[PDB]
Amino acid sequence: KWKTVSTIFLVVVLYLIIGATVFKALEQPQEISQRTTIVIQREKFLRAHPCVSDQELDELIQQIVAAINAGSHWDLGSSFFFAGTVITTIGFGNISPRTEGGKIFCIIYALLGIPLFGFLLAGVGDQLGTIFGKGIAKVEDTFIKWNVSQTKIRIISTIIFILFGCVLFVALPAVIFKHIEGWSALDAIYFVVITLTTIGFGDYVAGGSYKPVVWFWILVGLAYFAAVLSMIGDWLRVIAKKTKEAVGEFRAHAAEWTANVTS
Amino acid sequence: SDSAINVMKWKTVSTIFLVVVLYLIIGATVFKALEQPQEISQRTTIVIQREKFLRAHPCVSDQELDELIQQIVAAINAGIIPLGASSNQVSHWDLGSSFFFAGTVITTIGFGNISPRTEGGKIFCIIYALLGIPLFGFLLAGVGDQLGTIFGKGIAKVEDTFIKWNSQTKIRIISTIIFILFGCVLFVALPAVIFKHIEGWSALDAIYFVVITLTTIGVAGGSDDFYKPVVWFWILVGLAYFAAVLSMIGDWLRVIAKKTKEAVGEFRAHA
Ligand SMILES: CCCCCCCO[C@@H]1O[C@H](CO)[C@@H](O)[C@H](O)[C@H]1O
Ligand SMILES: CCCCCCCO[C@@H]1O[C@H](CO)[C@@H](O)[C@H](O)[C@H]1O
Ligand SMILES: CCCCCCCCCCCCCCCC
Ligand SMILES: CCCCCCCCCCCC
Ligand SMILES: CCCCCCCCCCCC
Ligand SMILES: CCCCCCCCCCCC
Ligand SMILES: CCCCCCCCCC
Ligand SMILES: CCCCCCCC
Ligand SMILES: [K+]
Ligand SMILES: [K+]
Ligand SMILES: [K+]
């Protein structure tokens, strides 16, 4: 009977409206600086070469925008990586199928590969969850009868989870993907979160300016954030009830307050 | 007995791992047999237009022409209309696009081609996703249950208008067909038919769009403002629809797993 979904719907709508104003307050500034200087390279290029004219630079952009549709890809291994992005729903989509048969196959290949891969990820999650269960069984005997109480013991372990998990999964896999002479510090964490949350794989680089072991870290990392996101959902559930009781309690005191004023 | 079921679980996981490995190898060979031919025809003819347009203007910087193309392709990763006509441009981080961007983040659909460049935008996006993805899941789960009872009501009338004389175990299969029928007509067919008249997508390219989107794999939004809010709410319920569809397909694979798991066991035993 009681819906309770529309209230969550409004929070999500409100959460998006906040996120909207924040992203445009962080990205629209740099959007101007780029796109004002892009005019500068176009204004400089026609001056640097009277050989090429206005009518001809548009033709080049057209022929480069036409090349966006294509970009050797689809080789023995690239189509393997593509199929991995499909069943993991990461789907970076820089190289997407252009053939009618390739799209029809991709529809069926996804409708069957996504559930199939789900059983793998679920089994890897349980398999890795017990590995973590053994790792805490030794930690939950050598530190428990000490002074840290029942409600606090649970928190030290969750810190050891986040630190030992995230430090592994932001340092090694992002680099094990492209492993030496590492990277910018932030774009490794940004790469990992965007990838393992199945959001879309932050910008493959080929250095213009391993197969079982790499998909190991991916499969373990996807299972890692699968639990990480699920815990965050649990902490949101707690904070939901803690804020549910606070309002109904404040609305309870403000109600009898108003009755006292009517005297 | 405690770690005896785990001796039995690890066997089941690695076999599913091998199925996934082989499933990717099959998929790999199928895509590269369908797409790599069209790639050769494209790259051989894109060299022709370099060999054409560079002989058509020898006075352009030959060795530096590739550097211009890189700097143009590097600009493609961001929003660009770098042309002599229409130097005026529109922001892809405007009032409504960054709203759509946040939607692709919490739904994990993802980014189209453009992603945040600012360090502050990347740090916020990490926090926004780690909190937005779980938040959205509660909505999607509530939408699924809210939609599941609407289906439970719609099937309650259908499961009485066909109750003749004589079973319980068989009516459940008719109910799953009327799910896929109404479901794929409402959530896959009707919107795919509507996108034909808006962006001119071929018949397949609309279904392919719906599947890739609502299976959160990852554009009709640009038209160059009355239907984007409606489509967004189609997406929310369509995401809840494929959530169950993918879940059923997984259950169908559990059945097909055991039926083949028992078939090999008997064929090995009797022979
Ligand atoms: C600049 C300070 C770097 C602090 C870390 C010191 C170790 O460097 C790393 O050594 C690794 C090989 O063992 C390689 O991955 C890279 O050559 C390098 O990244
Ligand atoms: C147990 C997992 C072992 C995985 C091996 C990964 C291969 O990377 C190597 O591992 C070293 C740290 O281990 C790095 O410092 C080196 O840069 C690199 O040569
Ligand atoms: C980017 C972070 C967004 C934070 C949004 C906080 C919204 C809080 C909603 C408060 C309303 C809850 C109503 C509960 C009624 C019982
Ligand atoms: C115009 C042709 C469209 C063909 C669509 C085929 C869909 C296949 C569904 C497979 C379900 C597992
Ligand atoms: C940093 C705070 C982010 C928002 C966390 C709470 C969002 C939901 C609370 C209300 C749920 C009913
Ligand atoms: C594209 C579908 C691939 C199907 C592969 C079937 C593999 C079954 C192996 C049976 C082992 C018991
Ligand atoms: C380098 C600038 C960091 C900006 C972080 C913005 C966080 C906003 C949280 C509401
Ligand atoms: C129908 C293709 C998947 C194979 C099902 C059997 C998995 C053990
Ligand atoms: K998913
Ligand atoms: K996804
Ligand atoms: K995605």
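This entry lists X-ray crystallography as its structure determination method and reports a resolution of 3.4 Å.

Sorry, what's going on with the coordination of the potassium ion (ligand 10) here?
In a perfect tetrahedron of four donors around a metal, the angles come out at 109.5 degrees. In a perfect octahedron of six, they are 90 or 180 degrees. Of the protein atoms, only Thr89(A) (O), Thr89(A) (OG1), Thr198(A) (O), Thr198(A) (OG1), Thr108(B) (OG1), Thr216(B) (O) and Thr216(B) (OG1) coordinate the potassium ion (ligand 10), at distances of 2.7 to 3.2 Å. Here the potassium ion (ligand 10) and the potassium ion (ligand 9) are spaced 5.0 Å apart. Residue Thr198(A) is located in the loop between helix 6 (185–196) and helix 7 (211–261), and its partner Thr108(B) is located in the loop between helix 4 (97–106) and helix 5 (119–158); the two belong to separate chains. Summarising the burial analysis for this pair, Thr198(A) and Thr108(B) share the class buried.

What's the story with the state of the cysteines in this structure? I'm lost.
Enumeration over the complete set of coordinates arrives at one disulfide over all chains. Here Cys51(A) is linked by a disulfide to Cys59(B), with a sulfur-sulfur distance of 2.0 Å. Measuring handedness by torsion sign, the sulfur bridge of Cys51(A) and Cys59(B) sits at about 75° and is right-handed. Residue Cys51(A) is found in the loop between helix 1 (5–48) and helix 2 (54–68), and its partner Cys59(B) is found in the loop between helix 2 (36–55) and helix 3 (62–76); the two belong to separate chains. What makes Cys51(A) buried here is its relative accessible area of 16%. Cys106(A) carries a free sulfur, and the closest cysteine sulfur to it, the one in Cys184(B), is 17 Å from it. Accessibility expressed as a relative area gives 1% for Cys106(A), which makes it buried. Look at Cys184(B) and you get partly exposed, because its relative accessible area is 30%.

Any chance you could explain the coordination of the potassium ion (ligand 11) here in plain terms?
Donor atoms from the polypeptide that coordinate the potassium ion (ligand 11) comprise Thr89(A) (O), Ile90(A) (O), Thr198(A) (O), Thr108(B) (O), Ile109(B) (O) and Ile217(B) (O), at 2.8 to 3.1 Å from the metal. One can describe the site at the potassium ion (ligand 11) as irregular: its six donor atoms subtend angles covering 58 to 158° at the metal. The metal-metal distance between the potassium ion (ligand 11) and the potassium ion (ligand 10) comes to 3.9 Å, with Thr89(A) coordinating both. Judged by relative accessible area, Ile217(B) falls into the buried class, the value being 4%.

Explanation requested: the interface of chain B and chain A in the structure shown.
How big an interface is tends to be stated in terms of accessible area lost as the parts join. Across the boundary between the two partners, chain B contributes 106 residues, which contact 99 residues of chain A. Of all the secondary-structure elements, those providing two or more residues to the side of chain B that touches chain A are helix 1 (4–34), helix 2, helix 3, helix 4, helix 5, helix 7 (203–214) and helix 8 (228–270) of chain B. Counted by class, the side of chain B that touches chain A contains 68 nonpolar, 27 polar and 11 charged residues.

When you look at a nonpolar patch on the surface in this model, what are you seeing that I'm missing?
Residue and element names in this part refer to chain A. Taken together, the side chains of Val 139, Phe 143, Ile 155, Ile 156, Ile 159, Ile 160, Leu 163, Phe 164 and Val 167 make up a nonpolar region of the molecular surface, amounting to roughly 820 Å² of accessible area. Take the nonpolar patch: its biggest share by element is seven residues, from helix 5 (residues 150–176). Along the chain, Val 139 falls in helix 4 (residues 100–139).

How do you make sense of the packing of aromatic side chains when you look at a structure like this?
A ring pair, where both rings are aromatic, is described by two values, the distance of the centres and the angle of the planes. Applying the stated criterion to the full structure yields 36 aromatic pairs over all chains. Ring centres of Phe216(A) and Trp217(A) lie 5.2 Å apart, and the angle between their planes is 75°; on these two criteria the pair is classed as edge-to-face. With a relative accessible area of 42%, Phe216(A) lands in the partly exposed category. Taking the centre distance of 5.0 Å and the plane angle of 80° together, the rings of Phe151(B) and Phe179(B) count as edge-to-face.

Can you walk me through the environment of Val65(A) in this structure?
For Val65(A), the position within the fold is in helix 2. Owing to a relative accessible area of 44%, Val65(A) belongs among the partly exposed residues under this scheme.

Looking at this structure, I do not really get the UniProt feature "transmembrane region" in chain A. What am I missing?
All names here are of chain A. Cross-referencing UniProt, the feature "transmembrane region" maps to residues 5–25, 104–124, 155–175 and 213–233 in the present numbering. Summarising residues 5–25: 100% helix, 0% strand, and an end-to-end C-alpha distance of 30 Å. Within the segment residues 155–175, helix and strand shares are 100% and 0% respectively, and the terminal C-alpha atoms sit 30 Å apart.

Looking at this model, I keep getting lost on the packing of helix 4 of chain A against helix 8 of chain B. Mind explaining?
Helix packing for two helices is described by the angle between their axes and how far apart those axes are. Their axes nearest at 9 Å, the elements helix 4 of chain A and helix 8 of chain B cross at an angle of 70°. Judged by the inter-axis angle, helix 4 of chain A sits roughly perpendicular to helix 8 of chain B. The element helix 4 of chain A and its partner helix 8 of chain B pack so that their crossing is right-handed. Contact residues: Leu111(A), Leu112(A), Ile114(A), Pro115(A), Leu116(A) and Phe119(A) in helix 4 of chain A; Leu246(B), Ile249(B), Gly250(B), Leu253(B) and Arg254(B) in helix 8 of chain B. Per-class residue counts for the contact of helix 4 of chain A with helix 8 of chain B are nine nonpolar, one polar and one charged.

Cut-offs used in this document
Residues numbered from 1 in each chain as written, not as in the entry; some residues may be left out. Chains lettered and ligands numbered in written order. Heavy atoms only, no water. Residues with missing side-chain atoms left out of burial classes, pairs and counts. Donors = N, O, S within 2.8 Å, 3.2 Å for Na, K, Ca; no water. Helix = DSSP H or I, 4+ residues; strand = E, 2+ residues; numbered from the N terminus. Buried < 20%, exposed > 50% of the residue type's maximum accessible area, 1.4 Å probe, protein only. Disulfide = S-S within 2.5 Å. Tetrahedral: all angles 85-135°; square planar, octahedral: opposite > 155°, others 65-115°. Contact = heavy atoms within 4.5 Å. Nonpolar A, V, L, I, M, F, W, Y, C, P; charged D, E, K, R; others polar. Patch = residues over 30% accessible without salt bridge, like charges linked within 9 Å, V, L, I, M, F, W, Y side chains within 5 Å. Areas by Shrake-Rupley, 256 points an atom, 1.4 Å probe, with all protein chains shown as cover. Salt bridge = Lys/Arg side-chain N within 4 Å of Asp/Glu carboxyl O. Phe/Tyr/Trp six-rings, centres within 6.5 Å; stacked < 30°, edge-to-face > 60°. UniProt positions renumbered as here; feature names shortened; annotations may be inferred. Axes fitted to C-alpha atoms, helices over the stretch in contact; angles between N-to-C directions. Parallel < 35°, antiparallel > 145°, perpendicular 65-115°, else oblique. Left-handed = near helix turned anticlockwise from the far one by under 90°.

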